[PDB]
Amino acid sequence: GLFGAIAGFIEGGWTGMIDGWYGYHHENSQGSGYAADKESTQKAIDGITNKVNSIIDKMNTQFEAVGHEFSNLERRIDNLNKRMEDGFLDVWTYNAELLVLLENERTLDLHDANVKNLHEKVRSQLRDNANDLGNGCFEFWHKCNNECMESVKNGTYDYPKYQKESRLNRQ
């Protein structure tokens, strides 16, 4: 099912992030920008490439009808051949068309899960050192420089390092 992120609590996408499917937008004194998430984007590409290739590969056989002819006294086996040829045509049409419907659903949900997981990955590190706006953004309770931003992306964010500074800001 829907994982609630895409067109969810993150209401829209970024036309400004062009180097990846999932990523970050950061803000501090050193300026701003979009940056793709390097881990999740590549892994998604690998999986979807695999899905597309795997689907193509399982579709890589063909029922081949023939142009054989039948006399006016062969009407029964003629019709037999036709019902068979139409039979497999309808089976493979069903398989192809339904697979596309079902897997398109799965693919879109896959991205949704990837975005949600990416968001929780970040939310989990920042903890109470950041203010969750609920829309996919986090406001820092401390000064967060470019390297600080990088640490979040690496998933290596140092919580106890900034813990006291964040906590002391209580109005």
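Numbering starts at 1 and runs along the sequence shown.
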Of 15 to 23 vs 159 to 167, the stretch with the larger average CA B-factor in the entry is 159 to 167
Higher-B stretch (mean Cα B-factor, as the entry records it), 125 to 133 or 40 to 48: 125 to 133
In terms of CA temperature factor as recorded, identify the highest of 60, 54, 29, 114. 29
Residue 102: CA B-factor among chain residues, third -> lowest
When the deposited Cα B-factors of this chain's modelled residues are ordered and cut into thirds, is residue 142 in the lowest, the middle or the highest one? highest
